[PDB]
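K.L.:
See final30.pdb below, with PDB, C-alpha atoms (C1' of nucleotides).
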MODEL        1
ATOM      1  CA  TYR A   1      21.586 -10.095  45.483
ATOM      2  CA  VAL A   2      20.999 -13.467  47.020
ATOM      3  CA  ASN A   3      22.572 -16.906  47.165
ATOM      4  CA  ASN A   4      20.798 -19.076  44.614
ATOM      5  CA  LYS A   5      21.752 -22.152  46.653
ATOM      6  CA  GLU A   6      19.828 -21.240  49.777
ATOM      7  CA  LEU A   7      16.821 -20.647  47.542
ATOM      8  CA  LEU A   8      17.112 -24.149  46.129
ATOM      9  CA  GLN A   9      17.116 -25.244  49.751
ATOM     10  CA  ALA A  10      14.000 -23.351  50.788
ATOM     11  CA  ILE A  11      12.100 -24.455  47.726
ATOM     12  CA  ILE A  12      13.116 -28.078  48.153
ATOM     13  CA  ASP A  13      11.724 -27.737  51.626
ATOM     14  CA  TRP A  14       8.409 -26.298  50.546
ATOM     15  CA  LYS A  15       8.253 -29.114  48.033
ATOM     16  CA  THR A  16       8.689 -31.596  50.852
ATOM     17  CA  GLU A  17       6.056 -29.874  52.953
ATOM     18  CA  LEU A  18       3.553 -29.548  50.105
ATOM     19  CA  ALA A  19       3.988 -33.313  50.034
ATOM     20  CA  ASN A  20       1.881 -33.133  53.221
ATOM     21  CA  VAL A  21      -1.328 -24.140  54.072
ATOM     22  CA  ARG A  22       1.447 -21.677  53.184
ATOM     23  CA  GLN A  23       5.090 -21.286  52.202
ATOM     24  CA  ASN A  24       8.003 -19.506  53.806
ATOM     25  CA  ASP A  25       8.579 -15.901  52.847
ATOM     26  CA  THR A  26      12.370 -16.047  52.650
ATOM     27  CA  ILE A  27      11.965 -17.291  49.102
ATOM     28  CA  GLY A  28       9.194 -14.733  48.609
ATOM     29  CA  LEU A  29      11.320 -11.814  49.722
ATOM     30  CA  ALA A  30      14.043 -13.052  47.392
ATOM     31  CA  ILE A  31      11.483 -13.144  44.586
ATOM     32  CA  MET A  32      10.509  -9.533  45.165
ATOM     33  CA  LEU A  33      14.203  -8.744  45.283
ATOM     34  CA  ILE A  34      15.002 -10.417  41.982
ATOM     35  CA  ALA A  35      11.999  -8.960  40.213
ATOM     36  CA  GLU A  36      12.970  -5.453  41.285
ATOM     37  CA  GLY A  37      16.592  -6.032  40.357
ATOM     38  CA  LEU A  38      15.708  -7.209  36.885
ATOM     39  CA  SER A  39      13.475  -4.155  36.580
ATOM     40  CA  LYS A  40      16.740  -2.182  36.551
ATOM     41  CA  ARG A  41      17.847  -4.139  33.496
ATOM     42  CA  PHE A  42      18.757  -2.064  30.489
ATOM     43  CA  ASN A  43      16.028  -2.749  27.945
ATOM     44  CA  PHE A  44      13.436  -1.897  30.579
ATOM     45  CA  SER A  45      13.849   0.829  33.229
ATOM     46  CA  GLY A  46      13.717   3.089  30.228
TER      47      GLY A  46
ATOM     48  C1'  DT B   1     -60.985 -16.111 -30.689
ATOM     49  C1'  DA B   2     -59.514 -14.924 -25.988
ATOM     50  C1'  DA B   3     -61.029 -14.262 -20.962
ATOM     51  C1'  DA B   4     -59.992 -17.097 -17.637
ATOM     52  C1'  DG B   5     -58.286 -21.210 -14.559
ATOM     53  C1'  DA B   6     -54.231 -23.653 -11.690
ATOM     54  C1'  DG B   7     -49.168 -24.150 -11.315
ATOM     55  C1'  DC B   8     -43.487 -23.312 -12.147
ATOM     56  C1'  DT B   9     -40.378 -21.120 -10.545
ATOM     57  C1'  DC B  10     -37.718 -16.917  -9.619
ATOM     58  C1'  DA B  11     -37.136 -11.508  -6.303
ATOM     59  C1'  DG B  12     -36.984 -10.800  -1.672
ATOM     60  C1'  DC B  13     -36.815 -10.909   3.644
ATOM     61  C1'  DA B  14     -34.835 -14.534   7.580
ATOM     62  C1'  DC B  15     -32.002 -18.366  10.368
ATOM     63  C1'  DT B  16     -29.093 -21.482  12.014
ATOM     64  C1'  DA B  17     -25.027 -23.068  11.865
ATOM     65  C1'  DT B  18     -20.495 -21.775  10.859
ATOM     66  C1'  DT B  19     -15.489 -20.308  10.802
ATOM     67  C1'  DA B  20     -11.903 -17.359  11.151
ATOM     68  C1'  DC B  21     -10.559 -15.621  15.175
ATOM     69  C1'  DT B  22      -9.490 -12.867  18.489
ATOM     70  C1'  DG B  23      -8.791 -13.436  23.439
ATOM     71  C1'  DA B  24      -7.078 -16.152  28.340
ATOM     72  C1'  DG B  25      -3.956 -19.256  29.938
ATOM     73  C1'  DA B  26      -0.470 -21.818  30.768
ATOM     74  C1'  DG B  27       3.809 -23.271  30.429
ATOM     75  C1'  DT B  28       8.800 -20.393  30.653
ATOM     76  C1'  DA B  29      14.825 -22.716  34.460
ATOM     77  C1'  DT B  30      22.381 -17.345  31.203
ATOM     78  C1'  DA B  31      22.487 -13.239  33.603
ATOM     79  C1'  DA B  32      22.462 -10.505  39.556
ATOM     80  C1'  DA B  33      21.685  -5.462  35.133
ATOM     81  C1'  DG B  34      19.512  19.269  41.389
ATOM     82  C1'  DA B  35      20.074  28.346  40.436
ATOM     83  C1'  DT B  36      11.767  31.662  43.889
ATOM     84  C1'  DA B  37      10.661  34.005  47.784
ATOM     85  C1'  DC B  38       7.680  34.756  51.820
ATOM     86  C1'  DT B  39       4.976  33.978  55.472
ATOM     87  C1'  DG B  40       3.472  31.026  58.710
ATOM     88  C1'  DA B  41       2.692  26.895  62.046
ATOM     89  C1'  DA B  42       3.206  22.954  64.724
ATOM     90  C1'  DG B  43       6.899  19.876  66.206
ATOM     91  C1'  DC B  44      11.226  19.345  68.114
ATOM     92  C1'  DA B  45      14.687  20.760  71.178
ATOM     93  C1'  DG B  46      17.225  22.695  75.167
ATOM     94  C1'  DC B  47      16.259  25.361  80.153
ATOM     95  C1'  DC B  48      15.068  27.051  85.260
TER      96       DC B  48
ENDMDL
END
What would the structure in this file look like if it were written as structure tokens?
P.N.:
Amino acid sequence: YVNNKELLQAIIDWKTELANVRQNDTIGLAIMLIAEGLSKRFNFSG
DNA sequence: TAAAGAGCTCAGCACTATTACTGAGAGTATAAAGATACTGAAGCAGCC
């Protein structure tokens, strides 16, 4: 799906900003992505 | 002797405080996981 590392980056960055409102959606798109990919796991998707 | 006091405490309907107790919530950091048939109607598509 998606490089875990870049996600660490984005979230570190929203950490730093929340240390000041919203967050980037890059990480949010990736979240949708990973949710939907897990959905196709084998116990579920049944 | 026996009708008649005044009270000693036991059925019989609540009440408040209770006690499991079921629900709402908040933590979660390995993975990449298909054998109708027909008619019709606008839209699309090429043309002088």
K.L.:
Show me which bits of chain A are within 10 Å of chain B, counting only C-alpha atoms (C1' of nucleotides), as a ChimeraX atom specification.
P.N.:
/A:1-3,34,37-43
K.L.:
Name the residues captured by the PyMOL selection byres ((chain A and resi 10) around 12) when it is applied to the shown file; answer as a list in words.
P.N.:
residues 3, 4, 5, 6, 7, 8, 9, 11, 12, 13, 14, 15, 16, 17, 23, 24, 25, 26, 27, 28, 29 and 30 of chain A
K.L.:
What are the centre and the three edge lengths of an axis-aligned box that wraps all atoms of stretch 15-32 of chain B in the file, given that 3 Å is added to every side, written as JSON and rounded to one decimal in Å?
P.N.:
{"center_x": -4.8, "center_y": -16.9, "center_z": 25.0, "size_x": 60.5, "size_y": 18.8, "size_z": 35.2}
K.L.:
What is the distance, in Å and to one decimal place, between atom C1' of residue B:29 and atom CA of residue A:44?
P.N.:
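A separation of 21.2 Å between them.
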K.L.:
Rounded to one decimal in Å, what is the spacing between atom CA of residue A:33 and atom CA of residue A:45?
P.N.:
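Computing the Euclidean distance for atom CA of residue A:33 and atom CA of residue A:45 yields 15.4 Å.
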K.L.:
Could you tell me how far atom CA of residue A:36 sits from atom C1' of residue B:28, in Å to one decimal place?
P.N.:
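We find that atom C1' of residue B:28 and atom CA of residue A:36 lie 18.8 Å from each other.
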